[PDB]
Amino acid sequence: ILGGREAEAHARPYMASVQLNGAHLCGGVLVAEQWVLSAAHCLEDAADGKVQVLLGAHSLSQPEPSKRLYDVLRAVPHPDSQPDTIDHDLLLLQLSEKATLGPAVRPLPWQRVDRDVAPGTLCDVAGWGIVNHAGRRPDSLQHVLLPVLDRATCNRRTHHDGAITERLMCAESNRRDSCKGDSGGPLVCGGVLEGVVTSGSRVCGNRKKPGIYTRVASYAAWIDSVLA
């Protein structure tokens, strides 16, 4: 997160750190007792490495009673996702067993009504991604409140030039933004999961390149099929 602050420890119990060989790689969101939603581009070129999900965490390195690293039984990228596109950038990870729930580990209700979030709605995005242009990684969870950018402004030639489909949403990227290591994390609006961070457009903190988030309501049938 660029231009954010340190999050209140365990105040976002749905927050997951998706790891590869013991290192934070991507953000994630606990959507059911045994399922973590993330971005498909995260699993890209990971084929061989060990993927785990860390739940109940604030600090990536320090011991916390609620912290628990889970192994992954199944990694389910969206069938229509592809390395060279920003579309269908979703991944579902099935934990080895149901997560032990509590005040610091809880799934987040997610949006099932396929209608746009109002322009300007303030949404929360959290992550352990880079915090400056040099690439400094925070040990603890960061967050920023970002206003939703209307799709038409986002689709301007000066911005993402028609790449924002009805299945994608934007949020302002002026100084405050999600960045590398924040992909797969949640965009939460009015206490409900609305979007998943995509690294589709890679630049961070440039207002002419808004943040792109995959709309979970647009993939409601896919999420339900995988969990079934």
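Take the two forms, superpose them, and find the largest set of C-alpha atoms that agree within 1.5 Å; that set is the rigid core. We number the residues from 1 along the sequence you see.
Relative to the shown model and aligned on the rigid core, the C-alphas in 7 other deposited structures of this protein deviate most, among 197-205 and 26-34, for 197-205. With 42-50 and 161-169 compared on mean CA B-factor from the PDB entry, the stretch scoring higher is 42-50.
On average the C-alpha atoms of 78-86 have higher B-factors than those of the other stretch, with 135-143 and 78-86 being the two compared.
Across the residues 195, 191, 184, 65, the deposited record lists the maximum Cα B factor for 65. Looking at the C-alpha B-factors along this chain, the one for residue 107 belongs to the middle third. The deposited CA B-factor of residue 22 belongs to the highest third of values across its chain.
Ranked within its chain, residue 13 lands in the lowest third, by CA B factor from the PDB record. Ranked against the other modelled residues of its chain, the C-alpha B-factor of residue 226 as given in the entry falls in the middle third. The PDB entry assigns residue 73 a C-alpha temperature factor belonging to the middle third of its chain's modelled residues.
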